[PDB]
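In: Quick one, fold the following:
(9 chains, ligands or ions: 24)
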Amino acid sequence: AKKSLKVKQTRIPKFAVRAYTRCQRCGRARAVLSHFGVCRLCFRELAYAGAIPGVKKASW
Amino acid sequence: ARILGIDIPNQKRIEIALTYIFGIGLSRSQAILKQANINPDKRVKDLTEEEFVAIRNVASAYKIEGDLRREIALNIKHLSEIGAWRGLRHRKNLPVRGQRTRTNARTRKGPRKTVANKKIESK
Amino acid sequence: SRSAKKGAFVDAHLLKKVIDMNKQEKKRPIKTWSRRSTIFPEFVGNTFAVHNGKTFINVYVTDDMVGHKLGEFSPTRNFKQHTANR
Amino acid sequence: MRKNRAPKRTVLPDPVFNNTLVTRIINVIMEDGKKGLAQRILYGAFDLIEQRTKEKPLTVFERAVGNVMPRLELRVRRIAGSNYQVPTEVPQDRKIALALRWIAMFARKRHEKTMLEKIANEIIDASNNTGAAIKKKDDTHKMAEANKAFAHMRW
RNA sequence: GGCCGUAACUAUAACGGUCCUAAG
RNA sequence: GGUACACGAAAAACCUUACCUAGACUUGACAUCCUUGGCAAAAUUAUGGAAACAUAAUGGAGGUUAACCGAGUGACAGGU
RNA sequence: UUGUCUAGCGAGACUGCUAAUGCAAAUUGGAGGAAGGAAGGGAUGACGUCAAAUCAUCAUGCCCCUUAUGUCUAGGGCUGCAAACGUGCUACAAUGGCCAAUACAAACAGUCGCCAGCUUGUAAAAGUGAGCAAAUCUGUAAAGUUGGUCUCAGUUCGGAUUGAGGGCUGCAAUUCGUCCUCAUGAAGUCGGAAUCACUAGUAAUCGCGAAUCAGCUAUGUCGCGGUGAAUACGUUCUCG
RNA sequence: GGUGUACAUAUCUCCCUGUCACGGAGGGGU
RNA sequence: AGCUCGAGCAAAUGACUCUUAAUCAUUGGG
Ligand SMILES: [Mg+2]
Ligand SMILES: [Mg+2]
Ligand SMILES: [Mg+2]
Ligand SMILES: [Mg+2]
Ligand SMILES: [Mg+2]
Ligand SMILES: [Mg+2]
Ligand SMILES: [Mg+2]
Ligand SMILES: [Mg+2]
Ligand SMILES: [Mg+2]
Ligand SMILES: [Mg+2]
Ligand SMILES: [Mg+2]
Ligand SMILES: [Mg+2]
Ligand SMILES: [Mg+2]
Ligand SMILES: [Mg+2]
Ligand SMILES: [Mg+2]
Ligand SMILES: [Mg+2]
Ligand SMILES: [Mg+2]
Ligand SMILES: [Mg+2]
Ligand SMILES: [Mg+2]
Ligand SMILES: [Mg+2]
Ligand SMILES: [Mg+2]
Ligand SMILES: [Mg+2]
Ligand SMILES: [Mg+2]
Ligand SMILES: [Zn+2]
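Out: Numbering: from 1, shown residues only, chains lettered A, B, ... in the order given. Ligands and ions are numbered 1, 2, ... in the order given. Here you go, the structure:
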C-alpha cells in the first residue's frame, strides 16, 4: 500500500492534525525535509544531480 | 518536641523541623513560618511557647499529618472499588502511570527475581 | 490536566443517546466506541458496552464513577502468567 | 612501534611564590576544569599552614614533597605466571609528578573537614615523614628492595 | 568394592561424577 | 560479532501504520487506451449514523471542454 | 573608547636562506617569521573480500492474490512483562545543597513565527500589545565572582514512585502527551570478575541553537561557544 | 537437595572467546 | 497413544538458514 496512501495524503482530511507531510518525488513518510519537501534519499540524489540550486557539499 | 506526636530534632532549625512532620513539606513549612511571622534561622530549642502555640494552631488549620495517610488509603480503596484500570494496575503492584515495564521500573516491583533465559544452541 | 475553560468532553452522540435512553423507561445497554467521553452526571444509572478493541465490555456506571473516562473502566490488553523459557 | 618521543609543554612558574611545583599541584588537584577553585583550595591550605606551622609555606611544601618523593619504581613484567617486578631509577620529572599525585590522592581521602583543611593537614603531616603518602613510598621502596634480585633483567 | 548419569531406531555404555579401603 | 542493539524511525494518542477486531466497496481510493456527452467536482448545512457511507439542500472555479466531471467498456489498475 | 567587524580580491610559507652528512632524494639544528618542514581541521575512500545490508526510499526479472494478500472508516496495538543485555541521563555530595546580587560568548533561527514591555497568578501560563521578513526586533547564557546558611547525617544529598489541584497543544491526553504547584520521600555512601574513550584548546565539565515537530521524560541527533587538564620512559607483552 | 555422601557434582545469572568447552565472579535448592 | 514408563522419544506443522542437520515452540494422536 503506497499509491492509496499518497493519494490520501494529497486529499485534505477532516481534521487539521490528521495532515502529515510526505515526500513529493517518492512516497516516503518519515524523514521529510520541510524546507525542500523531499525525503533524505531523494534530496541526496537531487543534490548530486545539481537540481537544487546552491546546495553544495559542505567542508566547514 | 511539642508538635503533636512528632518529636522534631532540637538541634535543627525551625523551617526544617517543620519539614520533619509528615504532612508538612519545605515550601509549605516556609509558608506557615511566614504567615505566623516567626523568623526562620531560629533553632527550635531556642524557641518559646508563644511561637510553639501559634505554629501548632496554623498546622491544625492546615491538613493534619495523621489524617493524610488515611486519606490516601481511602483514595486508593476508592479507586480500586470502582474497577478502574488505574486501580487494577495499582492493585497488581505495577507502575500506575504510563511508565514502561519492559526492562525498567523496579522501584515498584522490588528486588529482581532472576529466571533462566532461553537456551540458544544456535540455528 | 485538561483545561478549565474547555471543561469536560463527550462526543455528544453519546450524550444524545444517553438523554434519549434516560427519557425512555426500558433502558438497555448502550453500545459505544467513544472511550474518550467522560462520564457526565446524566450518565448515572445506564449501562454501556465499551469497545475494548475486540468485544464490547459492559460497564454499569454509578453515582461514584462520575468524572473519569468511559473507556478507563475497560481494559485493552490481557496478561496473566509467563512461561519458563528453559 | 612509535619510534617518536613525545614533546613537553611548559610547566609555567607560579605567579605567587614563583615555584613551578605550586602550579603542578594545582593542575593535579584540578577537577571539572576549575582553575579558580583549585587555586582557592591551594592558597587557603597555604594560609592554614601559615596559621599552624608558623613557617614559610613554600619551604614547608618543599620539605613535604622532597620527603614523599620516591626513588625506585617497580615495573610489572609477566612471563609465565604472575608478574616479577623490576626496580628502575626514575627521572626527576616523573619523580616529582608521582610525589604530587600521591599527595593529592591521599589528601582527598582523609577523614577531616573541607578539602582545604584536608590537603593542608596532609601536607603538614608529610612534612614530618609521617603520613599516608609516606606509607605508600615506604611500601614501594620495601617491595623494590625485596625484589632487588631481578633488577639486572628488565627487557 | 559400591552407587549415579551418558552415543541420532531400540539395547548397552567406550566416557563422565562420587564414597570408602592398605590395595578393589 | 568486529561491521546489529538512542539502528531504519530528523518526532507511534487520531493520521503516521505496513498489525488485530469490526462496519462498508468492487475496471475500484489512483492511471492510460479506446465509442461517447459535458449544463462538475469540492466545501458546508439536515436525518440516519462509531465513522466509513447513504438519502435532500446552495448546485456552483471555470470554459463549452481546456485540465477535469462524467456514462459504456475490456485490456487492467492495485500489493509495505 | 574609531578602526574592531563583516565579505570579495590579494600577499604570505616555498626545505625559500644557513650549518652538519649524503651520489641524490632527503634528515636534523639555527635565523627571520603569525605560521617550519603534510601549520590544525574537513571533503576526498583503489582492485576486491564478507553470495556483508537494503525488494519496507526508489526502480526492477520471476512467482503469488485479483468481489481480495486490493480500498475507506471507527476502536485497539506498535507503550505488554517473572526476566537478560547494549547505549545514555541522574546521583551517592562540602571541588557540595539552597538563597541573593552579578560579569563575560559563538553559531543559528524566526510572519499559522520569534515574542520585548505591562497587568494577573505561589508557577506552568493567560490577556493586552508594540518591534522584526531581520548585522536593526526577539530567542533571560550557565559554569564563574562575592555574600548568607547548612556542618559530614541516608542529611537542607538523591530524586524515583505515589495522591491531589492546575497550564498548553489538539476533534480527542484512559490505554498513551508534556509542564507547574502542593504532598510522600525506593534504591544508592563510589559499584565484583571484566572492559571503554582520549595525545591541546584534546579528555573532563557548563550552557546555547537547529532539523523532523500542532504537542512530546529526545536525557537522542546534528552544530556553537565558556572554563580547561594529566601523560607518552619504551615495544618485553596484548589486538589488528 | 536432581545425584554420591553441610560438601562435591549438578542447575541459574554475568564475565571470557568468532562460538563452545575450560577458566573467573555471584546466586539458589534438603 | 507408534515406542519406552500425562512424561520422554517417534511423526507432523511452522520459526531458523542458500537448502538441510541440530535447535526452538506448537501440535494431533488413548
Ligand atoms: Mg510502491
Ligand atoms: Mg504529525
Ligand atoms: Mg512514557
Ligand atoms: Mg541489572
Ligand atoms: Mg494507528
Ligand atoms: Mg455549469
Ligand atoms: Mg461539448
Ligand atoms: Mg587526497
Ligand atoms: Mg545473505
Ligand atoms: Mg551490517
Ligand atoms: Mg514488490
Ligand atoms: Mg485507525
Ligand atoms: Mg518501537
Ligand atoms: Mg557555599
Ligand atoms: Mg541597536
Ligand atoms: Mg524577560
Ligand atoms: Mg561562591
Ligand atoms: Mg541506604
Ligand atoms: Mg535535594
Ligand atoms: Mg495521561
Ligand atoms: Mg554519606
Ligand atoms: Mg593521533
Ligand atoms: Mg529466507
Ligand atoms: Zn523521497
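In: How about the contacts made by the residue nearest the centre of chain B?
Out: When chain B is reduced to its mean C-alpha position, the closest residue under Cα atoms, centre = their mean turns out to be residue B:22, at 6.2 Å. For residue B:22, the contacting residues are B:6, B:65-66, B:68-69, by Cβ atoms under 8 Å, 6 or more residues apart in numbering or on different chains. C-betas here are computed from N, CA, C, even on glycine.
In: likewise residue D:40?
Out: If you count contacts by Cβ under 8 Å, 6+ apart, residue D:40 has none.
In: Let's verify it: helix, strand, or coil?
Out: For residue D:40, the assignment made with DSSP: H, G, I helix; E, B strand; the rest coil gives helix.
In: Distance of the residue nearest to the centre of chain B relative to residue C:6?
Out: Distance of residue B:22 to residue C:6, computed by Cβ to Cβ, to the nearest Å: 36 Å.
In: Derive a PyMOL selection command for the buried subset of the contacts of residue B:22.
Out: Listed next is the PyMOL selection for buried residues among these, using 16 or more other Cβ atoms under 10 Å in any protein chain shown:
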select buried, chain B and resi 6+65
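In: ok, for residue D:19, nearest residue in space, not its chain neighbours?
Out: Spatial nearest neighbour of residue D:19, excluding adjacent residues (Cβ to Cβ, 6 or more residues apart in numbering or on different chains): residue D:58 at 5.7 Å.
In: I'd say that neighbour and residue D:17 touch.
Out: Yes - between residue D:58 and residue D:17 there is a contact under Cβ atoms under 8 Å: 4.7 Å.
In: Which single residue in chain D comes nearest to RNA strand I?
Out: residue D:81 (38.6 Å; Cβ to the nearest atom of the strand).
In: quick one, phi psi at that residue?
Out: When read as degrees, to the nearest 10, the backbone of residue D:81 gives phi -140, psi 140.
In: Number of residues surrounding it?
Out: 6 (other Cβ atoms under 10 Å in any protein chain shown).
In: Ok, residue B:72 next?
Out: By the measure other Cβ under 10 Å, the count of residues near residue B:72 is 10.
In: picking up where we left off before, just list the residues touching the residue nearest to residue D:19, thanks.
Out: For residue D:58, the contact set (Cβ under 8 Å, 6+ apart) comprises D:17, D:19, D:22.
In: And it, which helix or strand is it part of?
Out: According to DSSP states H and E, residue D:58 maps onto helix D:57-68.
In: Check whether that helix comes near RNA strand G.
Out: No - Helix D:57-68 is not in contact with RNA strand G by Cβ under 7 Å from any atom of the strand; minimum separation 13.4 Å.
In: Quickly note the distance from residue D:146 to RNA strand F.
Out: According to Cβ to the nearest atom of the strand, to the nearest Å, residue D:146 stands 42 Å off from RNA strand F.
In: Ok, residue A:20 next?
Out: As judged by Cβ to the nearest atom of the strand, residue A:20 and RNA strand F stand 4 Å apart.
In: if we can go back for a sec, name the nearest of the contacts of residue B:22 relative to residue C:39.
Out: residue B:68 (27.7 Å; Cβ to Cβ).
In: and the closest one, what is it in contact with?
Out: Here residue B:68 is in contact with B:22-23 (Cβ under 8 Å, 6+ apart).
In: Quick check: residue B:36 touching residue B:55?
Out: Yes - counting by Cβ under 8 Å, residue B:36 touches residue B:55, with 5.9 Å between them.
In: Comparing the two, which residue is more hemmed in?
Out: Higher neighbour count among residue B:36 and residue B:55: residue B:55, with 23 against 14, using other Cβ under 10 Å.
In: Helix or strand: which one has that one?
Out: Element membership for residue B:55, per DSSP H and E: helix B:49-61.
In: So what touches that helix?
Out: Outside of helix B:49-61, the residues within contact range by Cβ under 8 Å, 6+ apart are B:1-4, B:14, B:18, B:21, B:23-24, B:32, B:35-36, B:38.
In: Return the members of those residues classed as buried.
Out: By neighbour count, with 16+ other Cβ under 10 Å, these hold B:3, B:14, B:18, B:21, B:23-24, B:32, B:38 as buried.
In: As TSV, those with secondary structure and distance to RNA strand F would be great.
Out: Rendered in TSV, the data for those read as follows (DSSP: H, G, I helix; E, B strand; the rest coil; distance: Cβ to the nearest atom of the strand, whole Å):
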residue	secondary structure	distance to RNA strand F
B:3	coil	44
B:14	helix	42
B:18	coil	38
B:21	coil	37
B:23	coil	35
B:24	coil	35
B:32	helix	40
B:38	coil	45
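In: what two of those have the greatest distance between them?
Out: Spanning the widest gap among the buried ones among the contacts of helix B:49-61 are B:23 and B:38, at 18.5 Å by Cβ to Cβ.
In: any idea how far RNA strand G is from the residue of chain D closest to RNA strand I?
Out: Counting by Cβ to the nearest atom of the strand, the gap from residue D:81 to RNA strand G is 13 Å.
In: which residues does residue C:71 contact?
Out: Counting by Cβ under 8 Å, 6+ apart, residue C:71 has contacts C:34-36, C:50, C:52.
In: Excluding chain neighbours, what is closest to residue D:69?
Out: The shortest distance from residue D:69 to any non-neighbouring residue, by Cβ to Cβ, 6+ apart, is to residue D:99 (4.2 Å).
In: Which residue lies nearest the spatial centre of chain C?
Out: What sits nearest the mean C-alpha location of chain C, by Cα atoms, centre = their mean, is residue C:70, with 2.6 Å.
In: can you list the residues of chain C near RNA strand I?
Out: Counting by Cβ under 7 Å from any atom of the strand, chain C sits next to RNA strand I at C:83, C:85-86.
In: Around chain B, which positions in chain C sit nearby?
Out: Proximity of chain C to chain B is confined to C:59, C:64-65, C:68, C:72-75, C:84-86 under the rule Cβ under 8 Å from any Cβ of the partner chain.
In: list the contacts for residue C:53?
Out: residue C:76.
In: Helices - which of the contacts of residue B:22 land there?
Out: The helices, defined by DSSP state H, take in B:65-66, B:68-69 from the contacts of residue B:22.
In: Pipe the residues you listed into CSV and attach distance to residue D:45 per row.
Out: Listed next are those as CSV, based on distance: Cβ to Cβ, whole Å:
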residue, distance to residue D:45
B:65, 47
B:66, 51
B:68, 49
B:69, 50
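In: State the number of residues packed around residue D:27.
Out: Neighbour count of residue D:27, defined by other Cβ under 10 Å: 14.
In: For it, give me its contacts.
Out: Residue D:27 sits next to residue D:38 when contact means Cβ under 8 Å, 6+ apart.
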